[PDB]
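Notes for the one structure printed next.
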Amino acid sequence: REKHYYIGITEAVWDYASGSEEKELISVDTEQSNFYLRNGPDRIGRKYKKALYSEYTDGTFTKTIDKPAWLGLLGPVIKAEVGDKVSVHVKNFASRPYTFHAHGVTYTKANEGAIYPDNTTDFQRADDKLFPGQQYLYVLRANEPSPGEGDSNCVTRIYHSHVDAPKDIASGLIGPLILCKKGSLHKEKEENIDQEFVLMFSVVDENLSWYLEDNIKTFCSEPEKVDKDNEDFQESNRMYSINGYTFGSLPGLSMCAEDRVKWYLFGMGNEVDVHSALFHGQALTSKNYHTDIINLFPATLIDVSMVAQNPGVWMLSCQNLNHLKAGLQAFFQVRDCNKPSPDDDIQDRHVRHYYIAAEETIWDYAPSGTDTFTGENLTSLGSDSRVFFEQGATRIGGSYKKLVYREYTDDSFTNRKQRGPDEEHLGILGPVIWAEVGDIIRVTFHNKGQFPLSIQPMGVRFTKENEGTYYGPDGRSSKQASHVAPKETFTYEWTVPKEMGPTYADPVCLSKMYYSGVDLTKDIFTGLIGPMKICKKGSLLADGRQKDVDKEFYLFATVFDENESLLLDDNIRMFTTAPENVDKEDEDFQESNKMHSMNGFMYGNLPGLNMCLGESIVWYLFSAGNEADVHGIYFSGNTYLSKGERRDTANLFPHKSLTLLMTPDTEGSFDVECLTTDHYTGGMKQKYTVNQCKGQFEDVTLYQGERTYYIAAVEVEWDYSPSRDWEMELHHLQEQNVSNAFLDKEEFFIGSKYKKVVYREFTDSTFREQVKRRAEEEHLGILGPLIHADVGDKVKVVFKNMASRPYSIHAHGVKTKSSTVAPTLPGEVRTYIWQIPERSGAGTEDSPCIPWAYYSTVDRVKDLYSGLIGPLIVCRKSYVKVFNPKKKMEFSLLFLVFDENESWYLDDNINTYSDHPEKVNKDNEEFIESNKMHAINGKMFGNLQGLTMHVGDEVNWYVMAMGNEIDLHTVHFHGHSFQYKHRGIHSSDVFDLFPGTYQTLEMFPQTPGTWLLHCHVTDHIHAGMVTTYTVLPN
Ligand SMILES: [Ca+2]
Ligand SMILES: [Cu+2]
Ligand SMILES: [Cu+2]
Ligand SMILES: [Cu+2]
Ligand SMILES: [Cu+2]
Ligand SMILES: [Cu+2]
Ligand code: NA
């Protein structure tokens, strides 16, 4: 279809609380409320000026069309079906240059709506910058791999200005392009959908807007008492919002019961935006998999379905805790329009009645007081583990009073039900609640604590009465469910109807959690968290095991803020011997009580994780917390399959829950750990053990071929950005001046060139000749040599250490002989046996070539940041089969903010490169900035080159990301979409990366021009994690 959309960039004042409330929110008092919505002299408050898209009838732009209540500040909705030509008529009524850049959709270089160096001119910059008053036509065609085969009828896509996109997004220009299949739409609305909504979780940083100057003068009553760097002031401008509606203010979300609702969600913003949206007491599914949470990061695109049940009014919170108490809340209002309900009638309805008590104890994050890994007493002088565990003056140290759930046999909470053999790993986790689809869970809860508590589950049904978090006004009579008094008892009825359990395509049993629901921002962190496990009808033994599985495990990787324990007070009394000197707001104090743990154990001390070779293992993982609970739970040595995909590493977030299926092949003592730099060094690393419980020769199956890459570790001047002309043209085009923290040399600072240790390939085993880097290998940079392998091989890596301290080399997915890597001393040279079984390459639903990282493992963290990272691709042994022409290209992309401050080569870096080596205060955080290098494949600001291809090629992009907590990255390709999974059943143009995420992205280029490739997180675009790839016209 040929479609037209009239959209105008007007300027206006946007109210982030739109009256008149005066609601009852979770973990929010009016002090919180005020921090953000008072209001000068030194505070802008609750209304700001923003530039916003608006819909009109004509290209006269003389009458408008009202944007629905619930849209808030978002531009109007552009629906497009496949092959439609959409003509977006724009008029810039605002006071500055803006644009209209679309996403899941095809456009020439003069319908992009975006401005960078792309080699373009004159006729192709009419898109790139609409000056004030100018009108423009943006021509869109719905002609990518548009929605996937396995994607649903319509998917979430966005549009926004791209002059300085963070600053244009901040300023209010952002809106939804819903993208549907040919031809799902009857009268602009998906056939057989009753309700269509769009939501944005933006932490909308109004400090970054173009309208701060205009906003401080207009709203701050005394504008020279306004240090724009006032830590506090800045944070007073961070509107934790849903369509720009902070604190429960989002209006217009009402739906009749039994309505089919599509929700078109997306993240937007910066490092701070680690969302975790929850639609309270409601049925969710994404791609015919159940989802309880919906995480969203910057520009994370995703749709979901819901049949709206349970008339009433419910919270749509985000359970990132720091987000939650900055009021990232809103309500949706499920009607009782009296539609007839299709009631099965699940036969044979079973009742799982549990007896749990909340009570007190001391933990003992380290029973052993040592590091099973390094061997050391955790408190040794200089150790990274000391900080957390140190005791005396104003440091609590190693043990904390915690409330924790525990199981009792019955009614009278008198006999326990003692922690059995395999339940040894649970630790701080409460007892597992479990059920089948159709059941009726009940939980008799008794409190034996100082404070009042509850049990809020995740992903079961509960009537209003049973809801264990309080909020309103929602019409609740009893507050008893939500508030249980420090020695009271309540019970506690949940149902588990079909829609809350796992689907057709889902695993057997879903990973879930239950927590205490009074004040989430303290009760979970206090120890009030247990695992839950809802399973398919009859998939469970009457004892509660999965019918065909040997061992089940549970893991809760969270960072335990004791800092917000209900009992911080109680602990400062009970364990500091200068309690009067305890400054609760002292950074260095706060650190002491951040127990980076798994099941509340640290530095190797988790018992229970024990299994025999080749057993059916089913791991259930979950997490909770805030934007520093990004995780990569990597099992060394073994891998798992989850919904037909193969990895070894679990990316976890607040209220995320993963079910992993594993059958473990190599025998030994292997490492569960968080790849996230800080969690490792801070003690998030445990052990599991595969034992020989019969055997019994010593190989239990297979291998075939044998390949020999000659690799070497060396040791070189790495410039991160040798030209600057790209950066220079960028900033000249946007008319910005800007100097750069990282790159500019300053007085005392480094800039761009740093000594690093890179992997390289060598020809013989003499290493006198280093392989020359090809021409379509030249895009790799800091990466080591590409390593191909096929489902069957073995890989000899012969590794010389042409470096100056012990390194190693090893790869994810890959298999070896038993649970150990060998170090490789300088000058010395060594061989590694990487086996490549069935469990190292694609799974059912994986596309055939899948990448992994190979990296040093002397010092996981310091080695990795120093330069030692590479790609290993593990392709399925194809065929006798097909012949006649293909064409094909490959690109490995590694997204990493390289912490040069962690380099072994830092000393030498500083001495060598800085103008004055004396002025370098190493803890200076002007400096910890200059040396955080934001880069794709070790290169920045268009100095990652020879991403080059031709129209009609078949490109596989091997994207990976490693590193810290800051290293969440969102990959966006301008011009083109892509697919993932085998064949290409899911399409998107933003792929979400964290440390331990590796994925093959199938792209089919088709448009001549030079196109941009950024991380969509605001800090990283601006830091220089960006480049272009060129597509050429045959
Ligand atoms: Ca352009
Ligand atoms: Cu959030
Ligand atoms: Cu974008
Ligand atoms: Cu990024
Ligand atoms: Cu784009
Ligand atoms: Cu962009
Ligand atoms: Na404010």
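Values computed for the structure shown
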read-out	value
The one condition in (1) out of contact with any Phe, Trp or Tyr (no Cβ under 6 Å at 6 or more places or on another chain); (2) outside the structural domain of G438 (by CATH); (3) touching a residue at least 40 places away in the same chain (Cβ under 8 Å) that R573 fails to fulfil	(3)
Qualifying residue in the stretch 195-205 (condition: acidic (D, E) and either outside any loop (DSSP other than H, G, I, E, B) or without any contact (Cβ under 8 Å) to a residue 12 or more places away in the chain (or both))	yes
In the stretch 1001-1011, residue farthest from ligand 1 (Cβ to nearest atom) [restricted to those that are in contact with a strand residue (DSSP E or B) (Cβ under 7 Å, 6 or more places away or on another chain) and over 25 Å from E965 (Cα atoms)]	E1002
So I178, is it over 19 Å from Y6 (Cβ atoms), in contact (Cβ under 8 Å) with a residue 40 or more places away in the chain and within 16 Å of ligand 3 (Cβ to nearest atom)	no
Any strands (runs of 3 or more DSSP E) falling wholly within the stretch 941-1034 and containing at least 2 residues that are out of contact with any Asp or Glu (no Cβ under 6 Å at 6 or more places or on another chain) and within 11 Å of ligand 4 (Cβ to nearest atom)	969-973, 990-993, 1009-1015
Scope the stretch 979-1012; condition within 15 Å of ligand 6 (Cβ to nearest atom) and in contact with a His (Cβ under 7 Å, 6 or more places away or on another chain); matching residues	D989, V990, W1011, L1012
Qualifying residue in the stretch 138-150 (condition: within 29 Å of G269 (Cβ to Cβ), buried (at least 24 other Cβ atoms within 10 Å of the Cβ) and in contact with a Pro (Cβ under 7 Å, 6 or more places away or on another chain))	no
Options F61, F35: the member that is of a type in the set (F, W, Y) and on the phi < 0 side of the Ramachandran plot	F35
Those strands (runs of 3 or more DSSP E) lying entirely in the stretch 1-109 with at least 2 residues within 16 Å of ligand 2 (Cβ to nearest atom) and of a type outside the set (S, T, Y)	none
In the stretch 1-27, residue surrounded by the fewest Cβ atoms within 10 Å (Cβ to Cβ) [restricted to those that are within 30 Å of the chain's Cα centre (by Cα) and either over 26 Å from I216 (Cα atoms) or not aliphatic (A, V, I, L, M) (or both)]	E24
1 or more residues within 16 Å of ligand 6 (Cβ to nearest atom) and among the hydrophobic types (A, V, I, L, M, F, W, C): qualifying strands (runs of 3 or more DSSP E) within the stretch 285-395	301-307
Those strands (runs of 3 or more DSSP E) lying entirely in the stretch 807-916 with at least 1 residues surrounded by 22 or more Cβ atoms within 10 Å (Cβ to Cβ) and within 24 Å of the chain's Cα centre (by Cα)	850-855, 869-875, 889-899
Exclusive hit being assigned to a helix (DSSP H, G or I) and either touching a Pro at 6+ places or on another chain (Cβ under 9 Å) or crowded, with 19+ Cβ neighbours inside 10 Å (or both), set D214, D168	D168
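Okay, residues lined up against (1) out of contact with any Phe, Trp or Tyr (no Cβ under 7 Å at 6 or more places or on another chain); (2) of a type in the set (S, T, N, Q); (3) outside the structural domain of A628 (by CATH); (4) surrounded by fewer than 21 Cβ atoms within 10 Å (Cβ to Cβ):
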| residue | (1), (2), (3), (4) |
| --- | --- |
| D259 | yes, no, yes, yes |
| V274 | no, no, yes, no |
| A277 | no, no, yes, no |
| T285 | yes, yes, yes, yes |
| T291 | yes, yes, yes, yes |
| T300 | no, yes, yes, no |
| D303 | no, no, yes, no |
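Using ideal geometry, Cβ is built from the backbone for each residue, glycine included, and neighbour counts are taken over all protein chains shown. Basis: the model, the stated rules and, where named, an outside source; nothing here is a laboratory result.
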